[PDB]
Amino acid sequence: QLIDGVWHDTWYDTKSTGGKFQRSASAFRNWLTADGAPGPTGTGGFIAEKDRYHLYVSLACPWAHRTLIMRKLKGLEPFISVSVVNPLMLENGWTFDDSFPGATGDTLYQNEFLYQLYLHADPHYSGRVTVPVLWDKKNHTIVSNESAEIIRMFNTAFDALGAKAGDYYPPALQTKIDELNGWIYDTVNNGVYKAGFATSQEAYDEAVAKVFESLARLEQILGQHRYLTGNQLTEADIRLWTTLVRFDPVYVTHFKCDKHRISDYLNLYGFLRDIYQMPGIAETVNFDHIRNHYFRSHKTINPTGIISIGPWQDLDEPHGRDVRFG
């Protein structure tokens, strides 16, 4: 964590006294727009254009992963450059230590720590230092560090400039999507963390049951049609998939969500391989980063730092859900 301009090695902190962290922690909720107008929150004028915006991600984070997937589906590679922090999130938090294969270092300003860029945008900044970060190269500031919104910007803001066709938040499906997003976040995306980081046996039992209850639900839905809302791929699927692709390799063992493996569900496993095999998506998946990060960064639950050999799986097996449905 990063308190009023200074870092604190998990020293967050001595306690509280006014009052939640803080008045600038989600002060990065601006929107990229096509006209430069401010979005529904934050301020303008971050207008969609080339060679201006940049992504700071870890390949290990399921939230940052969303933005990489949307970057591929929408053909935004020629508009949006990418920096990849080191997988080992140690005492300094996200680090620009390259050397780990696929780690790039701060390829813009050559900083040494992710928290440095947060300061370069607000030196009096109080709050968490998270990926993903959508960065304005021209104002040297943070547009947004909220992945749920970054993927919506990517969805339309670049269309006139030549983005690939696709709308992952179509006005018709929006209420279904917001609804799915609601419980999928609480019971699955964030669910596996509530379980893996649970404080007591009682906490863990409640969290992990929610996880598997929802999996049974999703298995059912997938079920009646190819994706969550029907025959159309939406951001609700992408948001579910980033957790799913990490489930068998990390969450099952590391976060003790071990009642069933994704590979045990007919549909969920098919869904997993489906999106996995979409052109361009496999390359955004890097299991070394994923596994090194979780097993080595979380000393409070895996003190030994040992990376388990991992549940067996083959994501390249043809899935036939394109045929099966509708």
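Quick note: we count residues from 1 along the sequence shown, nothing fancier.
Colleague: For residue 27, does the count of other compared entries lacking it reach at least a third?
Modeller: It is, since residue 27 is left out of at least a third of the other entries that model both flanking stretches.
Colleague: Are coordinates for residue 9 absent in a third or more of the other compared PDB entries?
Modeller: Other entries vs residue 9: none skip it.
Colleague: Which has higher Cα B-factors on average according to the PDB entry: 219-227 or 116-124?
Modeller: Looking at the recorded C-alpha B-factors, 116-124 comes out higher on average.
Colleague: Which is higher on mean Cα B factor in this entry, 78-86 or 107-115?
Modeller: That would be 107-115.
Colleague: Grab the CA temperature factor for residue 41 from the record and place it in the lowest, middle or highest third of its chain.
Modeller: For residue 41, whose C-alpha B-factor we compare with every modelled residue in the chain, the answer is the middle third.
Colleague: Just say lowest, middle or highest third for the CA B-factor of residue 178 relative to the other modelled residues in its chain.
Modeller: Its C-alpha B-factor belongs to the middle third of this chain's values.
Colleague: Sort the modelled residues of this chain by their C-alpha B factor and say whether residue 101 lands in the lowest, middle or highest third.
Modeller: Answer is highest: the recorded C-alpha B-factor places it there.
Colleague: Would you please rank residue 288 by its C-alpha temperature factor against the other modelled residues of its chain and give the third it falls in: lowest, middle or highest?
Modeller: As the PDB entry reports it, the C-alpha B-factor of residue 288 lands in the lowest third of its chain.
Colleague: Check where residue 235 lands among this chain's C-alpha B-factors and tell me if it's the lowest, middle or highest third.
Modeller: Lowest third.
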